[PDB]
């Protein structure tokens, strides 16, 4: 993650991220809607950050320091490149919608009035199809990756040296190899909870209540399809 985004999403809520004087001239329901919207983006930043820890820190690190067999690193981090492309493009769109909503002269005061459209384009068409195939592959290879990491740790002392080394920083406390895999697997199931609570406070504009209602159904259809496509692979 880059410092600019880290600071823009450092606060524990939208009400705390914007200036209090900006918050002051806003209806309570708007504040409630913005808080859940801010959280959807904040967790997407952390999701993309988790994927960068897997690709740059763990996956690349093993390739450039260790002597592992071919196909072993891919078995540990399946679809991490394709997942990173999906979520970094999504985050880019979320951060741009927020930047466009900034008040002139400010870098923290914003109100995102239209989210549903962004969510519909993301969870429908070829972009939904690519997430469905990527999450069915990831989750079917999830168990195998956990067993492959435990096999490498309980047999290679050069692997334990590498793991102890890269995960030593305090910032990676909750971001070990196995934690990263479950964090990615659970991500998809967070969206319906987020979208339903945004929808809950988006009845003001009927165009927006409909867009978010459509997007909620699109996400649930994607989740049901990924769930059906999963069949655990054993090594």
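Whichever C-alpha set is largest while still superposing within 1.5 Å between the two forms counts as the rigid core. Positions refer to the first chain, counted from 1.
For the pair 67-75 and 108-116, greater average C-alpha departure from the shown form in 9 other deposited structures of this protein after core alignment is found in 67-75. Taking only CA atoms, the mean B-factor in the PDB entry is higher for 155-163 than for the other of 155-163 and 99-107. 1-9 and 226-234 differ in mean CA B-factor, and the higher of the two is recorded for 226-234. In this structure the maximum Cα B-factor among 188, 183, 41, 205 is found at 205.
By the numbers in the PDB entry, the CA B factor is greatest at 26 among 197, 26, 46, 52. In this PDB entry, the Cα temperature factor of residue 178 sits in the middle third of its chain's modelled residues. Ranked by Cα temperature factor within the chain, residue 171 sits in the middle third according to the deposited record. Ranked by C-alpha B-factor against the other modelled residues of its chain, residue 142 falls in the lowest third. Annotation for residue 150: CA B-factor lies in the highest third of the chain's modelled residues.
When the CA B factors of the chain's modelled residues are split into thirds, the value for residue 132 lands in the middle one.
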